[PDB]
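K.L.:
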Amino acid sequence: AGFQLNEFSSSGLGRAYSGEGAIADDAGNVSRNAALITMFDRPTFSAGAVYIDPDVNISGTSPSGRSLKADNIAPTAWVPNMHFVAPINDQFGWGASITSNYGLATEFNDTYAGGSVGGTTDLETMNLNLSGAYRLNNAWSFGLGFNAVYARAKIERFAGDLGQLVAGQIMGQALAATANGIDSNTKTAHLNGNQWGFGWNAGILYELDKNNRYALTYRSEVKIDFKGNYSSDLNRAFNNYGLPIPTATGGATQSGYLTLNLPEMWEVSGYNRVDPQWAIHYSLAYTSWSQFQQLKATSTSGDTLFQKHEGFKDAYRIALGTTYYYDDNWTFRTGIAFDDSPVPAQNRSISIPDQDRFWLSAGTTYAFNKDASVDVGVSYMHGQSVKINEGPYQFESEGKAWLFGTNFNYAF
Ligand SMILES: CCCCCCCCCCCC[N+](C)(C)[O-]
Ligand SMILES: CCCCCCCCCCCC[N+](C)(C)[O-]
Numbered sequence: 001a002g003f004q005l006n007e008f009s010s011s012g013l014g015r016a017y018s019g020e021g022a023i024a025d026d027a028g029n030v031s032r033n034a035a036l037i038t039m040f041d042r043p044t045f046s047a048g049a050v051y052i053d054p055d056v057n058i059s060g061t062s063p064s065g066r067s068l069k070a071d072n073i074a075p076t077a078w079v080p081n082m083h084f085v086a087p088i089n090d091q092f093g094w095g096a097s098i099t100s101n102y103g104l105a106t107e108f109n110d111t112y113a114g115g116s117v118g119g120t121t122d123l124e125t126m127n128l129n130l131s132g133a134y135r136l137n138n139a140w141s142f143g144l145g146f147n148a149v150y151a152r153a154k155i156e157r158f159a160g161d162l163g164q165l166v167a168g169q170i171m181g182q183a184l185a186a187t188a189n190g191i192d193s194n195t196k197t198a199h200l201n202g203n204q205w206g207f208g209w210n211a212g213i214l215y216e217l218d219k220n221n222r223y224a225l226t227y228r229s230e231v232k233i234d235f236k237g238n239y240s241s242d243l244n245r246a247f248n249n250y251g252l253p254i255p256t257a258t259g260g261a262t263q264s265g266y267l268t269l270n271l272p273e274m275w276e277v278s279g280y281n282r283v284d285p286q287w288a289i290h291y292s293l294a295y296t297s298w299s300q301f302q303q304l305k306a307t308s309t310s311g312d313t314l315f316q317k318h319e320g321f322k323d324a325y326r327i328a329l330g331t332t333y334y335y336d337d338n339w340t341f342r343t344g345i346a347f348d349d350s351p352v353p354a355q356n357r358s359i360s361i362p363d364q365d366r367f368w369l370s371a372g373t374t375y376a377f378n379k380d381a382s383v384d385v386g387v388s389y390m391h392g393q394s395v396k397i398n399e400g401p402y403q404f405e406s407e408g409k410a411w412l413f414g415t416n417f418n419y420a421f
């Protein structure tokens with residue numbers, strides 16, 4: 001999925017996030033399917049983080065004749081996570097979890113010649129969840145949850161070398186020599202803002218027996234109405250001449266309004282304890298990116314200041330993986346998973362460098378005694394190399410990523 005993230009559990013990172021919401025070895029999953037809450041007999045707690053280490057690269061040459069090579073344009077990332085699960089009654093349970101389901105970080109140098117389309121793009125998301133569940137009979141459980149998302153975002157763009165490109169094409182003369190005076194790192198657009206968003210989630214859990222069980226779950230859409238600073242160092246004169254360029258302010262910071270839709274996600278999952286020391290778990294996540302059509306930043310007067318058309322479309326994430334319950338102490342796991350890109354080639358962009366991803370993964374849990382247990386997980390996910398045609402340039406891009414992750418567990 002585009003700029004989506006599934007690292008709520010390092011326990012689950014070991015399995016390619018397969019069967020999640022269906023598995024429940026640790027408190028880690030009640031945030032995935034707040035139905036699992038019914039699975040715990042006592043207060044359980046989990047905490048840790050996932051180090052995401054990408055390696056995305058851009059390659060290509062611009063008509064001006066300057067490289068559009070961009071080495072490692074996706075910073076590392078420390079995505080933490082905390083969850084709590086406790087029983088209220090022999091029929092009700094609640095829980096809370098701090099996790100991040102959405103984020104990005106595609107950061108180009110301020111002097112990249114393709115600057116207009118590859119500046120900086122950040123998006124941090126914190127999702128505080130509070131949900132509860134109730135068990136009808138020994139077969140199914142129902143759960144509803146409330147999320148207060150806190151998003152932090154910031155978009156920047158610059159005049160690539162467009163200047164010299166424009167100033168060339170025009171070969181009203183000083184009108185050229187001037188746009189040749191513009192430098193590579195000219196704040197062509199700056200946006201930023203901190204805002205809260207709200208959403209809900211529900212999950213159903215039909216469990217055939219203590220060793221087999223399935224689940225259907227939903228995470229609502231989540232809109233974020235940003236009200237933040239916006240500006241463009243280009244001269245106001247550059248305006249109203251039909252250019253696709255973004256509204257100029259000459260340095261002036263004008264209040265800006267933008268809205269970010271955070272795709273709903275449907276997920277079906279299954280978990281089986283086939284053998285005393287083996288269990289298999291698969292899932293099929295559906296993330297509706299159709300909800301994320303564009304990025305439009307408006308003024309107080311509702312007029313457009315910035316607007317990039319994304320046009321993503323619904324996508325999915327299939328996942329298969331297993332766990333090897335060696336013994337009271339040692340536990341292992343591995344999984345494969347494949348998730349489809351929302352971005353249709355013809356919209357693909359170096360900003361949201363995205364292509365179909367393949368998941369290979371392996372993990373391990375050591376439990377010192379009954380209450381404690383540490384989790385360690387490794388995941389490597391490669392993907393397809395694709396051609397990107399944006400604005401006046403034609404880039405090429407490739408992406409591979411490593412993700413390591415620890416997590417501690419404890420139950421009273
Ligand atoms: C503050 C968060 C920064 C996020 C860094 C983005 C890394 C994107 C790399 C693809 C990883 C996607 N995955 C694992 C979440 O599914
Ligand atoms: C003013 C804050 C706006 C929030 C920024 C949200 C960015 C989501 C990532 C979409 C990538 C940006 N894009 C379309 C310009 O390439």
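Counting with the deposited numbering, you get residues 1 to 171, 181 to 421 for the letters of the sequence shown. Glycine residues also receive a C-beta, built at the ideal position from the N, C-alpha and C atoms.
Excluding sequence positions up to five away, which residues of its chain have a Cβ less than 7 Å from the Cβ of residue 163?
P.N.:
Only 188, 189, 191 meet the Cβ criterion.
K.L.:
For the alpha helix (DSSP H) holding residue 183, just list the boundary residues, first then last.
P.N.:
Start and end: 183-188.
K.L.:
How about residue 176 and residue 110: do their beta carbons lie closer than 8 Å?
P.N.:
This structure gives no coordinates for residue 176. The numbering of the chain moves from 171 immediately to 181.
K.L.:
From what residue to what residue does the alpha helix (DSSP H) around residue 166 run?
P.N.:
It spans 162-169 - the alpha helix (DSSP H) in which residue 166 sits, taken as one unbroken run.
K.L.:
In three-state DSSP terms, what is residue 300?
P.N.:
Three-state result, residue 300: helix.
K.L.:
Measuring from the CB of residue 404, is there a heavy atom of ligand 2 at a distance below 7 Å?
P.N.:
No, Cβ of residue 404 sits at least 7 Å from all heavy atoms of ligand 2.
K.L.:
Which residues does DSSP list as the beta-bridge partners of residue 126?
P.N.:
Looking at the DSSP assignment, residue 126 forms a beta bridge with 150.
K.L.:
Express the C-alpha separation of residue 63 and residue 352 in angstroms, rounding to a whole number.
P.N.:
Rounded to whole angstroms, residue 352 to residue 63 spans 26 Å at the Cα level.
K.L.:
Buried or exposed: where does residue 199 fall if 16 or more other Cβ atoms within 10 Å of its Cβ makes it buried?
P.N.:
Residue 199 should be labelled buried.
K.L.:
Rounded to the nearest angstrom, how far is the Cβ of residue 331 from that of residue 290, given a contact under 8 Å?
P.N.:
Contact flag correct, Cβ pair sits at about 7 Å.
K.L.:
Tell me whether residue 34 sits in a helix, a strand or coil according to DSSP, three-state version.
P.N.:
The answer is coil: DSSP assigns residue 34 none of H, G, I, E or B.
K.L.:
Please classify residue 309: is it buried, with 16 or more other beta-carbons within 10 angstroms of its beta-carbon, or exposed?
P.N.:
Under this definition residue 309 is an exposed residue.
K.L.:
Please state if the CB of residue 103 and the CB of residue 416 are separated by a distance shorter than 8 Å.
P.N.:
For residue 416 and residue 103, no; Cβs fall outside 8 Å.
K.L.:
In three-state terms, what does DSSP make of residue 42?
P.N.:
Coil.
K.L.:
Would you say residue 330 touches ligand 1, meaning its beta carbon is less than 7 Å from a heavy atom?
P.N.:
Residue 330: no, Cβ never under 7 Å from ligand 1.
K.L.:
Regarding residue 201 and ligand 2, is the C-beta to nearest heavy atom distance less than 7 Å?
P.N.:
Residue 201 Cβ: within cutoff of ligand 2.
K.L.:
Between which two residues does the alpha helix (DSSP H) containing residue 13 stretch?
P.N.:
Taken as a continuous stretch (DSSP letters only), the alpha helix (DSSP H) holding residue 13 covers 10-13.
K.L.:
Considering only DSSP beta bridges, list what residue 80 is partnered with.
P.N.:
49, per the DSSP bridge assignment.
K.L.:
Taking DSSP's pairing of strands, which residues face residue 250 in a bridge?
P.N.:
In the DSSP output, where bridge partners are listed per residue, residue 250 has none listed.
K.L.:
Please identify the residue among 156, 67, 204 whose C-alpha is closest to the C-alpha of residue 126.
P.N.:
Nearest option by C-alpha distance: 204.
K.L.:
Which residues does DSSP list as the beta-bridge partners of residue 417?
P.N.:
Bridge partners of residue 417: 47, 383.
K.L.:
Excluding the 5 residues flanking residue 407 on each side, which residues of the same chain have their C-beta closer than 6 Å to its C-beta?
P.N.:
If we look at residue 407 and ignore the five residues flanking it on each side, its Cβ neighbours are 57, 394.
K.L.:
Just to confirm, does residue 5 get its C-beta within under 7 Å of one of the non-hydrogen atoms of ligand 1?
P.N.:
Yes; taking the cut-off as 7 Å, the Cβ of residue 5 has a heavy atom of ligand 1 nearer than that.
K.L.:
What residues in its chain sit with their C-beta under 6 Å from that of residue 220, if we drop five residues either side in the sequence?
P.N.:
282, listed in sequence order.
K.L.:
Can you give the beta carbon distance from residue 119 to residue 158, rounded, assuming they're within the 8 Å contact cut?
P.N.:
That pair is a contact at about 5 Å.
K.L.:
Decide if residue 21 is buried, meaning its Cβ has at least 16 other Cβ atoms within 10 Å, or exposed.
P.N.:
So residue 21 counts as buried.
K.L.:
Nearer than 7 Å: is that true of the beta carbon of residue 48 relative to any heavy atom of ligand 1?
P.N.:
Result no, Cβ not under 7 Å from ligand 1.
K.L.:
Measuring only the C-alpha atoms, how far is residue 328 from residue 340?
P.N.:
C-alpha separation (whole angstroms): 20 Å.
K.L.:
Ligand 1 and residue 54: does any heavy atom of the ligand fall closer than 7 Å to the residue's C-beta?
P.N.:
Result yes, Cβ under 7 Å from ligand 1.
K.L.:
For residue 400, tell me which candidate among 271, 55, 165 has the shortest Cα-Cα distance.
P.N.:
The option with the nearest alpha carbon to residue 400 is 165.
K.L.:
Can you give the beta carbon distance from residue 288 to residue 276, rounded, assuming they're within the 8 Å contact cut?
P.N.:
With 8 Å as the limit, residue 288 and residue 276 do not qualify as a contact, their Cβ atoms being about 19 Å apart.
K.L.:
Look at the Cβ atom of residue 232, then the Cβ atom of residue 206, and state whether they are nearer than 8 Å.
P.N.:
Taking 8 Å as the Cβ cut-off, residue 232 and residue 206 qualify as a contacting pair.
K.L.:
Please list, in chain order, all residues of the same chain as residue 155 whose beta carbon is under 6 Å from its beta carbon, the five residues on each side excluded.
P.N.:
Excluding sequence neighbours, residue 155 sits near 121, 200.
K.L.:
Taking residue 354 as the reference, give the member of 418, 384, 398 with the closest Cα.
P.N.:
Taking only the C-alpha atoms, the option nearest residue 354 is 398.
K.L.:
When burial is assigned at 16 or more other CB atoms within 10 Å of the CB, is residue 368 buried or exposed?
P.N.:
Answer is buried; the Cβ neighbour count reaches 16.
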